[PDB]
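Colleague: My structure is stored as start01.pdb, with PDB, C-alpha atoms.
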ATOM      1  CA  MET G   1       0.717  -1.930 -26.097
ATOM      2  CA  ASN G   2       1.405   1.147 -23.908
ATOM      3  CA  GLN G   3       2.462   0.915 -20.228
ATOM      4  CA  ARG G   4      -0.987   1.755 -18.813
ATOM      5  CA  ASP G   5      -2.586  -0.882 -21.073
ATOM      6  CA  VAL G   6       0.135  -3.414 -20.072
ATOM      7  CA  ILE G   7      -0.668  -2.973 -16.355
ATOM      8  CA  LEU G   8      -4.404  -3.187 -17.014
ATOM      9  CA  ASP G   9      -3.715  -6.540 -18.763
ATOM     10  CA  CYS G  10      -1.607  -7.663 -15.759
ATOM     11  CA  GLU G  11      -4.507  -6.674 -13.497
ATOM     12  CA  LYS G  12      -6.980  -8.766 -15.613
ATOM     13  CA  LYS G  13      -4.644 -11.795 -15.394
ATOM     14  CA  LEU G  14      -4.267 -11.345 -11.601
ATOM     15  CA  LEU G  15      -7.982 -11.021 -10.989
ATOM     16  CA  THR G  16      -8.700 -14.055 -13.267
ATOM     17  CA  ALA G  17      -6.073 -16.086 -11.301
ATOM     18  CA  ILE G  18      -7.701 -15.082  -7.982
ATOM     19  CA  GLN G  19     -11.196 -15.901  -9.180
ATOM     20  CA  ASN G  20     -10.060 -19.338 -10.429
ATOM     21  CA  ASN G  21      -7.562 -20.271  -7.599
ATOM     22  CA  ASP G  22      -4.813 -20.469 -10.267
ATOM     23  CA  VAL G  23      -1.947 -20.756  -7.760
ATOM     24  CA  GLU G  24       0.612 -21.353 -10.545
ATOM     25  CA  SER G  25      -0.251 -17.911 -12.006
ATOM     26  CA  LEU G  26      -0.183 -16.275  -8.549
ATOM     27  CA  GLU G  27       3.306 -17.756  -7.914
ATOM     28  CA  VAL G  28       4.485 -15.800 -10.994
ATOM     29  CA  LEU G  29       2.442 -12.561 -10.577
ATOM     30  CA  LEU G  30       3.157 -12.009  -6.848
ATOM     31  CA  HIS G  31       6.727 -11.110  -5.887
ATOM     32  CA  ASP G  32       8.246 -13.380  -3.198
ATOM     33  CA  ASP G  33       8.939 -10.433  -0.877
ATOM     34  CA  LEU G  34       5.622  -8.615  -1.053
ATOM     35  CA  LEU G  35       3.640  -7.349   1.917
ATOM     36  CA  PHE G  36      -0.152  -7.041   1.904
ATOM     37  CA  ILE G  37      -2.388  -5.298   4.507
ATOM     38  CA  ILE G  38      -5.905  -6.794   4.992
ATOM     39  CA  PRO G  39      -8.978  -5.193   6.661
ATOM     40  CA  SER G  40      -8.150  -6.564  10.145
ATOM     41  CA  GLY G  41      -4.822  -4.692  10.017
ATOM     42  CA  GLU G  42      -2.786  -7.897   9.664
ATOM     43  CA  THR G  43       0.227  -8.092   7.365
ATOM     44  CA  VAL G  44       0.167 -11.002   4.900
ATOM     45  CA  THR G  45       3.129 -12.520   3.020
ATOM     46  CA  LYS G  46       3.140 -14.277  -0.359
ATOM     47  CA  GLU G  47       3.512 -17.693   1.361
ATOM     48  CA  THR G  48       0.473 -17.087   3.575
ATOM     49  CA  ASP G  49      -1.589 -15.739   0.718
ATOM     50  CA  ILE G  50      -0.772 -18.652  -1.670
ATOM     51  CA  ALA G  51      -1.402 -21.141   1.174
ATOM     52  CA  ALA G  52      -4.955 -19.699   1.535
ATOM     53  CA  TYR G  53      -5.735 -20.208  -2.199
ATOM     54  CA  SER G  54      -4.102 -23.680  -2.161
ATOM     55  CA  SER G  55      -6.262 -24.651   0.884
ATOM     56  CA  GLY G  56      -9.485 -24.692  -1.214
ATOM     57  CA  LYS G  57     -11.228 -22.450   1.399
ATOM     58  CA  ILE G  58     -11.381 -19.454  -1.027
ATOM     59  CA  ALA G  59     -14.067 -19.915  -3.727
ATOM     60  CA  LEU G  60     -14.817 -16.611  -5.438
ATOM     61  CA  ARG G  61     -17.704 -16.337  -7.909
ATOM     62  CA  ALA G  62     -17.107 -12.749  -9.055
ATOM     63  CA  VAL G  63     -14.150 -10.328  -8.746
ATOM     64  CA  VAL G  64     -15.175  -7.102 -10.550
ATOM     65  CA  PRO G  65     -12.880  -4.017 -10.913
ATOM     66  CA  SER G  66     -13.838  -0.389 -11.684
ATOM     67  CA  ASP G  67     -12.654   3.146 -11.349
ATOM     68  CA  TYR G  68      -8.922   2.517 -11.830
ATOM     69  CA  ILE G  69      -6.616   5.378 -10.723
ATOM     70  CA  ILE G  70      -3.035   4.752 -11.851
ATOM     71  CA  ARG G  71       0.386   6.448 -11.462
ATOM     72  CA  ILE G  72       3.413   5.411 -13.582
ATOM     73  CA  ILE G  73       6.805   5.966 -11.864
ATOM     74  CA  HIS G  74       9.535   4.607 -14.127
ATOM     75  CA  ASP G  75       9.627   0.800 -13.614
ATOM     76  CA  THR G  76       6.809   0.904 -11.047
ATOM     77  CA  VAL G  77       3.064   1.422 -11.379
ATOM     78  CA  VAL G  78       0.792   2.328  -8.465
ATOM     79  CA  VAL G  79      -2.812   1.218  -8.758
ATOM     80  CA  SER G  80      -5.918   2.201  -6.802
ATOM     81  CA  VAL G  81      -9.155   0.281  -7.778
ATOM     82  CA  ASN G  82     -12.725  -0.457  -6.637
ATOM     83  CA  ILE G  83     -13.241  -4.252  -6.420
ATOM     84  CA  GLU G  84     -16.560  -5.965  -5.755
ATOM     85  CA  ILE G  85     -16.192  -9.572  -4.573
ATOM     86  CA  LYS G  86     -18.787 -12.344  -4.218
ATOM     87  CA  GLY G  87     -17.893 -15.798  -2.963
ATOM     88  CA  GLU G  88     -16.572 -17.791  -0.016
ATOM     89  CA  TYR G  89     -13.460 -16.515   1.760
ATOM     90  CA  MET G  90     -12.132 -18.716   4.579
ATOM     91  CA  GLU G  91     -15.033 -18.689   7.094
ATOM     92  CA  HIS G  92     -16.642 -15.538   5.627
ATOM     93  CA  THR G  93     -19.219 -15.289   2.816
ATOM     94  CA  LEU G  94     -18.368 -12.222   0.750
ATOM     95  CA  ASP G  95     -20.748  -9.864  -1.097
ATOM     96  CA  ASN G  96     -18.721  -6.733  -0.587
ATOM     97  CA  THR G  97     -16.900  -3.754  -2.046
ATOM     98  CA  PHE G  98     -13.263  -2.936  -1.403
ATOM     99  CA  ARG G  99     -10.671  -0.343  -2.400
ATOM    100  CA  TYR G 100      -7.404  -2.062  -3.316
ATOM    101  CA  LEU G 101      -3.971  -0.556  -3.531
ATOM    102  CA  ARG G 102      -1.428  -2.543  -5.609
ATOM    103  CA  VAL G 103       2.143  -1.656  -6.536
ATOM    104  CA  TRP G 104       3.501  -3.417  -9.654
ATOM    105  CA  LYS G 105       7.242  -3.432 -10.531
ATOM    106  CA  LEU G 106       9.265  -4.789 -13.441
ATOM    107  CA  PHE G 107      11.710  -7.666 -12.838
ATOM    108  CA  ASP G 108      13.715  -8.190 -16.022
ATOM    109  CA  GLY G 109      10.662  -7.690 -18.207
ATOM    110  CA  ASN G 110       8.085  -9.345 -15.946
ATOM    111  CA  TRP G 111       5.593  -7.296 -13.909
ATOM    112  CA  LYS G 112       5.062  -8.471 -10.329
ATOM    113  CA  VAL G 113       3.022  -7.241  -7.354
ATOM    114  CA  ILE G 114       5.341  -6.012  -4.518
ATOM    115  CA  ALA G 115       2.852  -4.413  -2.121
ATOM    116  CA  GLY G 116      -0.800  -3.796  -1.569
ATOM    117  CA  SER G 117      -3.782  -3.477   0.692
ATOM    118  CA  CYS G 118      -7.500  -4.101   0.866
ATOM    119  CA  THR G 119      -9.844  -1.537   2.454
ATOM    120  CA  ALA G 120     -13.448  -2.433   3.149
ATOM    121  CA  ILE G 121     -15.998   0.104   1.759
TER     122      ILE G 121
ATOM    123  CA  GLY V   1      25.375   4.676  18.147
ATOM    124  CA  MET V   2      23.773   4.275  14.766
ATOM    125  CA  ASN V   3      23.084   0.718  13.447
ATOM    126  CA  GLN V   4      21.894  -0.629  10.077
ATOM    127  CA  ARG V   5      18.271  -0.603  11.188
ATOM    128  CA  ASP V   6      18.590   3.088  12.070
ATOM    129  CA  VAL V   7      19.965   3.716   8.562
ATOM    130  CA  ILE V   8      17.187   1.721   6.843
ATOM    131  CA  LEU V   9      14.441   3.508   8.836
ATOM    132  CA  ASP V  10      16.010   6.998   8.666
ATOM    133  CA  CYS V  11      13.449   8.303   6.153
ATOM    134  CA  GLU V  12      10.606   6.669   8.077
ATOM    135  CA  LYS V  13      11.680   8.547  11.219
ATOM    136  CA  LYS V  14      12.043  11.847   9.342
ATOM    137  CA  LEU V  15       8.533  11.334   7.915
ATOM    138  CA  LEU V  16       6.954  10.668  11.340
ATOM    139  CA  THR V  17       8.749  13.725  12.836
ATOM    140  CA  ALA V  18       7.576  15.886   9.846
ATOM    141  CA  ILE V  19       3.969  14.678  10.378
ATOM    142  CA  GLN V  20       4.146  15.398  14.104
ATOM    143  CA  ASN V  21       5.527  18.906  13.559
ATOM    144  CA  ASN V  22       3.669  19.896  10.307
ATOM    145  CA  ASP V  23       7.028  20.225   8.572
ATOM    146  CA  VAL V  24       5.664  20.894   5.106
ATOM    147  CA  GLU V  25       9.175  21.518   3.714
ATOM    148  CA  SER V  26      10.277  17.988   4.731
ATOM    149  CA  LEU V  27       7.027  16.417   3.451
ATOM    150  CA  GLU V  28       7.702  18.015  -0.002
ATOM    151  CA  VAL V  29      11.012  16.151  -0.200
ATOM    152  CA  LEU V  30       9.934  12.822   1.312
ATOM    153  CA  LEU V  31       6.746  12.351  -0.696
ATOM    154  CA  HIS V  32       6.898  11.671  -4.446
ATOM    155  CA  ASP V  33       4.743  13.982  -6.613
ATOM    156  CA  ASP V  34       2.975  10.981  -8.190
ATOM    157  CA  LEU V  35       2.123   8.955  -5.142
ATOM    158  CA  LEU V  36      -1.296   7.523  -4.322
ATOM    159  CA  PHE V  37      -2.520   6.961  -0.773
ATOM    160  CA  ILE V  38      -5.641   5.070   0.321
ATOM    161  CA  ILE V  39      -7.273   6.233   3.598
ATOM    162  CA  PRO V  40      -9.873   4.404   5.769
ATOM    163  CA  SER V  41     -12.887   5.887   3.953
ATOM    164  CA  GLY V  42     -11.561   4.191   0.782
ATOM    165  CA  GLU V  43     -10.694   7.605  -0.768
ATOM    166  CA  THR V  44      -7.606   7.841  -3.014
ATOM    167  CA  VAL V  45      -5.477  10.825  -1.932
ATOM    168  CA  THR V  46      -2.667  12.583  -3.747
ATOM    169  CA  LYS V  47       0.526  14.228  -2.418
ATOM    170  CA  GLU V  48      -0.949  17.760  -2.797
ATOM    171  CA  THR V  49      -4.101  16.913  -0.928
ATOM    172  CA  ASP V  50      -2.169  15.205   1.884
ATOM    173  CA  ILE V  51       0.306  18.073   2.284
ATOM    174  CA  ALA V  52      -2.421  20.778   2.047
ATOM    175  CA  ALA V  53      -4.047  19.323   5.233
ATOM    176  CA  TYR V  54      -0.725  19.923   7.156
ATOM    177  CA  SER V  55      -0.199  23.397   5.585
ATOM    178  CA  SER V  56      -3.670  24.599   6.496
ATOM    179  CA  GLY V  57      -3.361  24.008  10.280
ATOM    180  CA  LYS V  58      -6.021  21.285   9.929
ATOM    181  CA  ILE V  59      -3.782  18.615  11.574
ATOM    182  CA  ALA V  60      -2.376  19.002  15.165
ATOM    183  CA  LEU V  61      -0.863  15.615  16.224
ATOM    184  CA  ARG V  62       0.876  15.554  19.650
ATOM    185  CA  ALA V  63       2.683  12.315  19.215
ATOM    186  CA  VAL V  64       3.319   9.924  16.306
ATOM    187  CA  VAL V  65       4.799   6.587  17.581
ATOM    188  CA  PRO V  66       5.700   3.520  15.447
ATOM    189  CA  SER V  67       5.832  -0.118  16.546
ATOM    190  CA  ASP V  68       6.074  -3.539  14.898
ATOM    191  CA  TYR V  69       7.847  -2.596  11.689
ATOM    192  CA  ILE V  70       7.836  -5.320   9.010
ATOM    193  CA  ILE V  71      10.337  -4.409   6.257
ATOM    194  CA  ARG V  72      11.072  -5.876   2.805
ATOM    195  CA  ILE V  73      13.856  -4.541   0.576
ATOM    196  CA  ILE V  74      13.254  -5.158  -3.149
ATOM    197  CA  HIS V  75      15.956  -3.669  -5.377
ATOM    198  CA  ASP V  76      15.500   0.182  -5.212
ATOM    199  CA  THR V  77      12.332  -0.111  -3.111
ATOM    200  CA  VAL V  78      11.587  -0.562   0.629
ATOM    201  CA  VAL V  79       8.080  -1.878   1.506
ATOM    202  CA  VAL V  80       7.060  -1.102   5.122
ATOM    203  CA  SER V  81       4.139  -2.236   7.268
ATOM    204  CA  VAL V  82       3.865  -0.641  10.742
ATOM    205  CA  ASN V  83       1.552   0.267  13.623
ATOM    206  CA  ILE V  84       1.361   4.053  14.127
ATOM    207  CA  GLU V  85      -0.279   5.636  17.201
ATOM    208  CA  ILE V  86      -2.031   8.808  16.092
ATOM    209  CA  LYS V  87      -3.018  11.185  18.912
ATOM    210  CA  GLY V  88      -4.293  14.704  18.406
ATOM    211  CA  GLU V  89      -6.612  16.772  16.309
ATOM    212  CA  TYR V  90      -7.278  15.887  12.741
ATOM    213  CA  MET V  91      -9.777  18.453  11.386
ATOM    214  CA  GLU V  92     -12.777  18.275  13.927
ATOM    215  CA  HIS V  93     -11.782  14.716  14.873
ATOM    216  CA  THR V  94      -9.867  14.003  18.049
ATOM    217  CA  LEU V  95      -7.752  10.881  17.487
ATOM    218  CA  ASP V  96      -6.202   8.503  20.022
ATOM    219  CA  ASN V  97      -6.017   5.396  17.856
ATOM    220  CA  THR V  98      -3.612   3.076  16.021
ATOM    221  CA  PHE V  99      -3.595   2.544  12.274
ATOM    222  CA  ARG V 100      -1.670  -0.013  10.266
ATOM    223  CA  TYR V 101       0.324   1.934   7.674
ATOM    224  CA  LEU V 102       1.682   0.527   4.444
ATOM    225  CA  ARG V 103       4.359   2.663   2.723
ATOM    226  CA  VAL V 104       6.404   1.982  -0.402
ATOM    227  CA  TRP V 105       9.614   3.966  -0.660
ATOM    228  CA  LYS V 106      11.716   4.271  -3.846
ATOM    229  CA  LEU V 107      15.312   5.569  -4.191
ATOM    230  CA  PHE V 108      14.632   8.159  -6.915
ATOM    231  CA  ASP V 109      16.186  11.559  -7.748
ATOM    232  CA  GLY V 110      18.874  10.439  -5.272
ATOM    233  CA  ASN V 111      16.683  10.190  -2.183
ATOM    234  CA  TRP V 112      14.154   7.913  -0.601
ATOM    235  CA  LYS V 113      10.607   9.016  -1.455
ATOM    236  CA  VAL V 114       7.174   7.569  -0.689
ATOM    237  CA  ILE V 115       5.447   6.470  -3.901
ATOM    238  CA  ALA V 116       2.425   4.599  -2.430
ATOM    239  CA  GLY V 117       0.694   3.831   0.785
ATOM    240  CA  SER V 118      -2.390   3.090   2.769
ATOM    241  CA  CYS V 119      -3.825   3.636   6.255
ATOM    242  CA  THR V 120      -5.932   0.853   7.824
ATOM    243  CA  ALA V 121      -8.054   1.595  10.877
ATOM    244  CA  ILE V 122      -8.423  -0.923  13.710
ATOM    245  CA  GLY V 123     -12.237  -1.382  14.123
TER     246      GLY V 123
END
What is this file in C-alpha coordinates?

Modeller:
Amino acid sequence: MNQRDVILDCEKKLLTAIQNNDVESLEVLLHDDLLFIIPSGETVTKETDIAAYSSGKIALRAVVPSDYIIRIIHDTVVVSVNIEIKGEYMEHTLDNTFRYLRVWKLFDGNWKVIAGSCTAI
Amino acid sequence: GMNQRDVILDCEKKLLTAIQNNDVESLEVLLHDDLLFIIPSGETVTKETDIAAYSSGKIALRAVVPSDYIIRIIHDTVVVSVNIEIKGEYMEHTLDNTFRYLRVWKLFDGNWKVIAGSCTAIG
(Lines of atoms letter the chains of each structure in order from A and count residues from 1; the text may use other names and numbers.)
(Lines give C-alpha, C1' and ligand atoms only; values in the text may rest on other atoms or scores of the structure.)
Protein backbone atom coordinates (compact mmCIF):
# COMPACT_ATOMS: atom_id res chain seq x y z
CA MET A 1 0.00 0.00 0.00
CA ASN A 2 1.45 3.41 -1.00
CA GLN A 3 1.91 6.30 1.48
CA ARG A 4 -1.18 8.25 0.34
CA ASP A 5 -3.31 5.09 0.63
CA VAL A 6 -1.78 4.36 4.09
CA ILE A 7 -2.82 7.80 5.40
CA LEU A 8 -6.29 7.46 3.88
CA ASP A 9 -6.60 4.15 5.82
CA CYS A 10 -5.39 5.91 9.01
CA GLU A 11 -8.02 8.60 8.38
CA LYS A 12 -10.79 5.93 8.02
CA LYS A 13 -9.70 4.31 11.31
CA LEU A 14 -9.65 7.72 13.08
CA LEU A 15 -13.06 8.73 11.82
CA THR A 16 -14.51 5.27 12.73
CA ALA A 17 -13.01 5.63 16.26
CA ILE A 18 -14.57 9.10 16.64
CA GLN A 19 -17.96 7.97 15.40
CA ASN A 20 -17.95 5.00 17.81
CA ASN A 21 -16.29 6.68 20.90
CA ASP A 22 -13.49 4.07 20.65
CA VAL A 23 -11.22 5.79 23.20
CA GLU A 24 -8.72 2.89 23.12
CA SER A 25 -8.15 3.55 19.39
CA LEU A 26 -7.93 7.33 19.95
CA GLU A 27 -5.28 6.77 22.67
CA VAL A 28 -3.13 5.10 19.97
CA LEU A 29 -3.95 7.34 16.95
CA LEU A 30 -3.54 10.72 18.72
CA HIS A 31 -0.03 11.69 19.80
CA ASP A 32 0.27 12.63 23.51
CA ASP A 33 1.67 16.08 22.68
CA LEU A 34 -0.77 17.19 20.00
CA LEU A 35 -2.52 20.54 19.86
CA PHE A 36 -5.94 21.03 18.26
CA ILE A 37 -7.73 24.35 17.47
CA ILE A 38 -11.58 24.28 17.62
CA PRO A 39 -14.08 26.81 16.16
CA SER A 40 -14.20 28.95 19.33
CA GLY A 41 -10.44 29.54 19.00
CA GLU A 42 -9.62 27.37 22.03
CA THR A 43 -6.61 25.05 22.06
CA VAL A 44 -7.38 21.44 23.00
CA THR A 45 -4.93 18.79 24.26
CA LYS A 46 -5.13 15.01 23.86
CA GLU A 47 -6.18 14.62 27.54
CA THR A 48 -9.06 17.08 27.14
CA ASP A 49 -10.16 15.56 23.87
CA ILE A 50 -10.13 11.94 25.17
CA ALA A 51 -11.92 13.08 28.36
CA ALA A 52 -14.77 14.46 26.16
CA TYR A 53 -15.22 11.11 24.33
CA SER A 54 -14.92 9.16 27.62
CA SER A 55 -17.63 11.41 29.19
CA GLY A 56 -20.39 9.90 26.97
CA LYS A 57 -21.54 13.45 25.98
CA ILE A 58 -20.35 13.00 22.34
CA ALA A 59 -22.68 10.71 20.33
CA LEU A 60 -22.03 11.08 16.61
CA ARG A 61 -24.32 9.39 14.07
CA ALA A 62 -22.38 10.26 10.91
CA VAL A 63 -18.82 11.54 10.25
CA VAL A 64 -18.44 11.81 6.44
CA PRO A 65 -15.19 12.93 4.68
CA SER A 66 -14.72 14.28 1.13
CA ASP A 67 -12.43 16.32 -1.01
CA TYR A 68 -9.13 15.25 0.56
CA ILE A 69 -6.12 17.49 -0.26
CA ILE A 70 -2.87 15.89 0.92
CA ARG A 71 0.85 16.81 1.03
CA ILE A 72 3.56 14.21 1.80
CA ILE A 73 6.70 15.65 3.48
CA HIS A 74 9.04 12.78 4.33
CA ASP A 75 7.74 11.19 7.58
CA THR A 76 4.85 13.67 7.83
CA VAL A 77 1.58 13.99 5.92
CA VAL A 78 -0.56 17.13 5.93
CA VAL A 79 -4.26 16.62 5.35
CA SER A 80 -7.05 19.07 4.50
CA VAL A 81 -10.61 17.52 4.32
CA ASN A 82 -14.32 18.41 4.21
CA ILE A 83 -16.14 16.63 7.08
CA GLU A 84 -19.91 16.58 7.57
CA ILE A 85 -20.96 15.64 11.11
CA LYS A 86 -24.38 14.71 12.52
CA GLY A 87 -24.90 13.87 16.17
CA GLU A 88 -24.72 15.19 19.72
CA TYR A 89 -21.59 17.09 20.77
CA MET A 90 -21.46 18.19 24.42
CA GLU A 91 -24.45 20.58 24.68
CA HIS A 92 -24.68 21.15 20.90
CA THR A 93 -26.65 19.14 18.32
CA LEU A 94 -24.54 18.93 15.17
CA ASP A 95 -25.72 18.83 11.53
CA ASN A 96 -22.80 20.73 10.09
CA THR A 97 -19.90 20.91 7.67
CA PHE A 98 -16.31 21.57 8.67
CA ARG A 99 -12.88 21.86 7.07
CA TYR A 100 -10.33 19.89 9.09
CA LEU A 101 -6.59 20.20 9.03
CA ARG A 102 -4.66 17.17 10.40
CA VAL A 103 -0.92 16.54 10.50
CA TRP A 104 0.10 12.86 10.72
CA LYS A 105 3.68 11.78 11.61
CA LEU A 106 5.44 8.42 11.87
CA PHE A 107 6.64 7.20 15.29
CA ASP A 108 8.70 4.05 14.75
CA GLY A 109 6.30 2.74 12.13
CA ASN A 110 3.06 4.01 13.67
CA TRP A 111 1.21 7.03 12.26
CA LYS A 112 -0.12 9.48 14.85
CA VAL A 113 -1.95 12.82 14.72
CA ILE A 114 0.29 15.66 16.07
CA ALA A 115 -1.75 18.75 15.19
CA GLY A 116 -5.00 19.87 13.70
CA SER A 117 -7.93 22.21 13.57
CA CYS A 118 -11.63 22.36 12.82
CA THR A 119 -13.10 25.26 10.82
CA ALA A 120 -16.85 25.69 10.59
CA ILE A 121 -18.17 26.08 6.99
CA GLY B 1 19.92 38.67 26.77
CA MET B 2 18.70 35.75 24.74
CA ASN B 3 16.98 32.82 26.57
CA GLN B 4 15.81 29.36 25.43
CA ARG B 5 12.32 30.64 24.69
CA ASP B 6 13.79 33.30 22.41
CA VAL B 7 15.71 30.55 20.58
CA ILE B 8 12.64 28.29 20.24
CA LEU B 9 10.47 31.16 18.91
CA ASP B 10 13.16 32.72 16.68
CA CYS B 11 11.53 31.51 13.44
CA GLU B 12 8.09 32.53 14.70
CA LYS B 13 9.37 36.08 15.27
CA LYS B 14 11.08 36.20 11.86
CA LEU B 15 7.81 35.04 10.26
CA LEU B 16 5.70 37.72 12.00
CA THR B 17 8.25 40.44 11.05
CA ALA B 18 8.27 39.16 7.40
CA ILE B 19 4.43 39.29 7.32
CA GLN B 20 4.40 42.80 8.77
CA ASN B 21 6.97 44.07 6.26
CA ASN B 22 5.97 42.01 3.14
CA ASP B 23 9.42 40.42 3.17
CA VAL B 24 8.80 37.97 0.36
CA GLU B 25 12.45 36.81 0.41
CA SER B 26 12.12 35.71 4.06
CA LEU B 27 8.71 34.08 3.45
CA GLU B 28 10.31 31.95 0.66
CA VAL B 29 12.76 30.51 3.18
CA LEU B 30 10.42 30.12 6.16
CA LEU B 31 7.53 28.46 4.34
CA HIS B 32 7.88 24.92 2.96
CA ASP B 33 6.94 24.50 -0.73
CA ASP B 34 4.44 21.74 0.14
CA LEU B 35 2.58 23.32 3.00
CA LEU B 36 -1.19 23.56 3.32
CA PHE B 37 -2.95 26.37 5.17
CA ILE B 38 -6.64 26.57 6.09
CA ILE B 39 -8.15 30.10 6.31
CA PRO B 40 -11.46 31.20 7.94
CA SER B 41 -13.53 30.71 4.76
CA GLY B 42 -12.51 27.02 4.90
CA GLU B 43 -10.33 27.44 1.75
CA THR B 44 -7.11 25.39 1.50
CA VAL B 45 -4.22 27.69 0.51
CA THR B 46 -0.78 26.84 -0.79
CA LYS B 47 2.61 28.55 -0.23
CA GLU B 48 2.51 30.22 -3.69
CA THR B 49 -0.94 31.63 -3.19
CA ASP B 50 -0.08 32.94 0.29
CA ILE B 51 3.17 34.57 -0.84
CA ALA B 52 1.61 36.04 -4.03
CA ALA B 53 -0.79 38.11 -1.82
CA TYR B 54 2.28 39.75 -0.10
CA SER B 55 4.16 40.21 -3.42
CA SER B 56 1.24 41.92 -5.12
CA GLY B 57 0.87 44.78 -2.57
CA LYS B 58 -2.51 43.28 -1.60
CA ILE B 59 -1.55 43.06 2.13
CA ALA B 60 -0.54 46.18 4.20
CA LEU B 61 -0.44 45.15 7.92
CA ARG B 62 0.75 47.86 10.38
CA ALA B 63 1.35 45.62 13.31
CA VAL B 64 1.46 41.84 13.87
CA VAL B 65 1.52 41.03 17.65
CA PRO B 66 1.55 37.53 19.23
CA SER B 67 0.28 36.52 22.67
CA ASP B 68 -0.49 33.30 24.55
CA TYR B 69 1.87 30.93 22.78
CA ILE B 70 1.23 27.23 23.48
CA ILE B 71 4.21 25.17 22.24
CA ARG B 72 4.79 21.41 21.83
CA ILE B 73 8.11 19.99 20.63
CA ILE B 74 7.78 16.57 18.95
CA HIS B 75 11.08 15.23 17.60
CA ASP B 76 11.98 17.45 14.54
CA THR B 77 8.68 19.35 14.73
CA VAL B 78 7.38 22.33 16.77
CA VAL B 79 3.56 22.69 16.99
CA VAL B 80 2.44 26.24 17.91
CA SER B 81 -0.92 27.72 18.87
CA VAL B 82 -1.04 31.52 19.35
CA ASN B 83 -3.22 34.64 19.32
CA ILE B 84 -2.14 37.08 16.58
CA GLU B 85 -3.48 40.65 16.37
CA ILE B 86 -3.88 41.55 12.71
CA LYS B 87 -4.31 45.27 11.99
CA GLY B 88 -4.21 46.81 8.54
CA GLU B 89 -5.39 46.34 5.02
CA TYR B 90 -5.89 42.92 3.60
CA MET B 91 -7.16 43.35 0.02
CA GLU B 92 -10.32 45.67 0.41
CA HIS B 93 -10.74 44.50 4.01
CA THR B 94 -9.59 46.64 6.91
CA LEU B 95 -8.64 44.33 9.79
CA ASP B 96 -8.33 45.08 13.51
CA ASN B 97 -8.98 41.59 14.85
CA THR B 98 -7.33 38.60 16.55
CA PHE B 99 -7.05 35.15 15.01
CA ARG B 100 -5.91 31.94 16.63
CA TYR B 101 -3.07 30.60 14.49
CA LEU B 102 -1.91 27.01 14.37
CA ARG B 103 1.53 26.44 12.78
CA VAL B 104 3.57 23.26 12.41
CA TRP B 105 7.28 23.81 11.88
CA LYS B 106 9.72 21.09 10.73
CA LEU B 107 13.55 21.17 10.83
CA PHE B 108 14.15 20.29 7.16
CA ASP B 109 16.88 21.25 4.65
CA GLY B 110 18.69 22.51 7.76
CA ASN B 111 16.20 25.18 8.79
CA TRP B 112 12.86 25.54 10.47
CA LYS B 113 10.05 25.72 7.91
CA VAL B 114 6.26 25.90 8.20
CA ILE B 115 4.66 22.76 6.76
CA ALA B 116 1.02 23.29 7.90
CA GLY B 117 -1.24 25.75 9.55
CA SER B 118 -4.60 27.31 10.06
CA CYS B 119 -6.16 30.67 10.94
CA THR B 120 -9.28 30.71 13.17
CA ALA B 121 -11.36 33.87 13.43
CA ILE B 122 -12.92 34.96 16.72
CA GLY B 123 -16.67 35.41 15.93

Colleague: Expand the ChimeraX specification (/G :<10) & /V into the explicit residue set it covers here, and present it as a ChimeraX atom specification.

Modeller: /V:32-45,70-75,77-83,98-104,106,108,115-123

Colleague: Would you compute an axis-aligned box for stretch 12-24 of chain V, covering every atom listed for it in the file with 8 Å of margin on each side, and report centre and edge lengths in Å to one decimal as JSON?

Modeller:
{"center_x": 7.9, "center_y": 13.8, "center_z": 9.6, "size_x": 24.4, "size_y": 30.2, "size_z": 25.0}

Colleague: Quick one: of V:31, V:48, V:109, V:69, who's nearest to residue V:5, counting all atoms listed in the file?

Modeller: V:69

Colleague: With the file shown as input, list the residues that the PyMOL selection byres ((chain V and resi 26) around 12) selects, as a list in words.

Modeller: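 Listing what the PyMOL selection byres ((chain V and resi 26) around 12) selects in the shown file: residues 11, 12, 13, 14, 15, 16, 17, 18, 19, 20, 21, 22, 23, 24, 25, 27, 28, 29, 30, 31, 32, 51, 54, 55 and 113 of chain V.
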
Colleague: Applied to the shown file, which residues does the PyMOL selection byres ((chain G and resi 5-8) around 9) return, written as a list in words?

Modeller: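 Evaluating the PyMOL selection byres ((chain G and resi 5-8) around 9) on this file yields residues 1, 2, 3, 4, 9, 10, 11, 12, 13, 68, 77, 79, 104 and 111 of chain G.
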
Colleague: Which distance in Å separates atom CA of residue V:85 and atom CA of residue V:97, to one decimal?

Modeller: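 For atom CA of residue V:85 relative to atom CA of residue V:97, the distance reads 5.8 Å.
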
Colleague: Take atom CA of residue V:65 and atom CA of residue V:86 and report the distance between them in Å, one decimal.

Modeller: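 Taking atom CA of residue V:65 and atom CA of residue V:86, their separation equals 7.3 Å.
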
Colleague: Rounded to one decimal in Å, what is the spacing between atom CA of residue G:57 and atom CA of residue G:14?

Modeller: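 Separation of atom CA of residue G:57 and atom CA of residue G:14: 18.5 Å.
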
Colleague: From the set G:55, G:49, G:60, G:106, which residue has the shortest atom-to-atom contact distance to residue G:85, counting all atoms listed in the file?

Modeller: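 Counting all atoms listed in the file, the residue closest to residue G:85 is G:60.
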